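Heads up, the chain below is alone and in the form deposited in one PDB entry; it's given as structure tokens.
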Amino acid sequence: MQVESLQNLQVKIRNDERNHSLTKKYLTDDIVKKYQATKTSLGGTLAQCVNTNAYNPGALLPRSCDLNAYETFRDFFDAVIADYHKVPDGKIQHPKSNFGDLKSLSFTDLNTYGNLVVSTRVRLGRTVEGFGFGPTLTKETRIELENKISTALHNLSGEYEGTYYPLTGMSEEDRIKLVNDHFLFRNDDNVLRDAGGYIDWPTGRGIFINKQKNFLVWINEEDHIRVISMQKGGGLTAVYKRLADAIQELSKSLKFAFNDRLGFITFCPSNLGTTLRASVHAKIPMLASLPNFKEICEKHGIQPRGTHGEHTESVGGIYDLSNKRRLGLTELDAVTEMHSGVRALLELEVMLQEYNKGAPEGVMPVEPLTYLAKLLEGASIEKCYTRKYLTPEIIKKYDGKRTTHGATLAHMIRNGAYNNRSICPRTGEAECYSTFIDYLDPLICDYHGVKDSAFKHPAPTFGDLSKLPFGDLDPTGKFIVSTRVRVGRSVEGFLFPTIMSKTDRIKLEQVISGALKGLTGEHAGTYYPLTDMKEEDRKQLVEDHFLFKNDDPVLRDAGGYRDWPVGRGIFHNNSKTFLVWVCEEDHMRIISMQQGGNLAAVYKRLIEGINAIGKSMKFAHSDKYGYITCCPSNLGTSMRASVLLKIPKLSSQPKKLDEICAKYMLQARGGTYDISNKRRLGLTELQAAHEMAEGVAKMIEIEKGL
């Protein structure tokens, strides 16, 4: 196989913005310098290994010119392998092959868990010693290898008796039939093509099928041998035993390449070690729809792959689920990982299907409350409010209860269940604060340091916007880089961004954007829908650090990025001093900000904007808690006023710093600090903003003191 110089290929791979391969990561100048003239014992080069990466930027891994590539270019491949297979300290190792005690081995049938499994399949691969891969084979040696292998296959007994079909000479009718039965491989993978996989096509290649059509062998498709056992249903035990028996028998005839670092050598580094991929095709539509579906699988040792194109338009939810591990465990370990993980996932699909019977369409499905309560046990019952008030009696009372529009207690603890450092829940709608009052009210009281009162929450008390008790906290040069006040708001009648449906989001966005497009004067601006945005607008939003990404795991697992990015957007005025985020965590975050320390002007602009928006919709409001928001941490005023404060001196006596913050009820985050009022509930908007001002005024006058 003739390919470009390694240095050329490196430049191509590096200059390609679409390429994010591990090949790109580890094919360094030093690596090129070391290996650009080196040949394996079969005469292969590193250029031949990385060639496909130069032309296929989507490819993650190199391939190998022959089995000696891993040793010959070890500094490169060990780095790639350690990275891909997540090998701890680059301490790559692999145990001797062990399929287990076949006579006594037994796994439960996977269809026990809801009868969701269409089929079960286990695959392995082998390299025959003494022969190269695609780039280093000759036409003759590939055929010699094929002959060696078909002869070994012809010698399998009973169960494995069947027919060898060489590709060469195969009629097009047989070709059509065999690909229709999914027994035949084709030359249709460009990554494989550019790694030398189809040289001298179709010679030296073929397939073998037994009479029962549950055992299938590919010769020289990519690896020397790929062996596949398969059948309808969930009989993993039989599939795996059938596979194990055959390869053990074949081993008596063929010498397979193995070393105690990588295990069984394969053409692609992803399939080293056991080479084993045990899998099922399963119907798991509800599980597949969870926001952290992928993470859930990985945590159970499972890798999911979509099967789109393989089924009808109205039947998706069918996935391939396999062991995620190949290297660093035995075959028995790997199929056990598969069985255990898949069993857990199918049991979870069954639980989802049952717990969400009757729930509104488009509303986020949720795991059973008691399941999530177990995951939440990893949270500190001392710092995590979500767990602290989730008592046995609360679980018993509220399990299986829904609000009128479908919100559950399970919904609201989910973010904590899957992110144990998260300390507050995320509610599903305003009604949550009465339907689940026994959970939420003590939690709220605890978080905000308050207690049950006979009196209605104070009405919105914004103050006289022409005679405010604060002005410019820093007229002079700089203690204050910038000032900001924001509030959260929920719109009456809508489920919150956690669980709301796609149609809900679309309607919400029509209500809110309609109001925003009508704002005038200082508040006049432009709405930028995340769905229909001009790219230059998109770039500029990112430039200004006006971000709205689906990248927070806490929000994600509460469901806040579902049906992305429909109904989401950013509004701001031309000056970028008044902005609204639409449907992130709350229906709205309404924000006023500007350079300098003029809090009175930021506050005034904010209040006038809230009022203007409020003309077109009713804000969710509570006699108990004031303005209602998704997170209970942001009730009452839902107001956060803040400054970007430069205090080089005081930040270096940091506990007469963290003591002001304490006694003036401020929060600080990093001599430049972001300082904000900590209180939200139990005070008026005016007091909230005044507390920040008084606290910041103290800090500043403390600062000049040093």
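We call the rigid core the largest set of C-alpha positions that still match within 1.5 Å between the two forms. We number the residues from 1 along the sequence you see.
Keep in mind the form deposited in another entry is missing from the figure; the text below concerns it.
Of the residues checked (581, 185, 107, 433), the rigid-core alignment between this form and the one not shown shows a Cα shift of at least 2 Å for 185 alone.
A movement of the C-alpha atom of residue 653 reaching 2 angstroms or beyond is seen between this form and the one not shown when the two forms are aligned on their rigid core. Residue 12: CA moves less than 2 Å between this form and the one not shown after rigid-core fitting. Remark: with the core as the superposition reference, the CA shift of residue 476 between this form and the one not shown reaches 2 Å or more.
Note on residue 173 and residue 307: their C-alpha atoms are nearer in that other deposited form, a change of at least 3 Å from this conformation.
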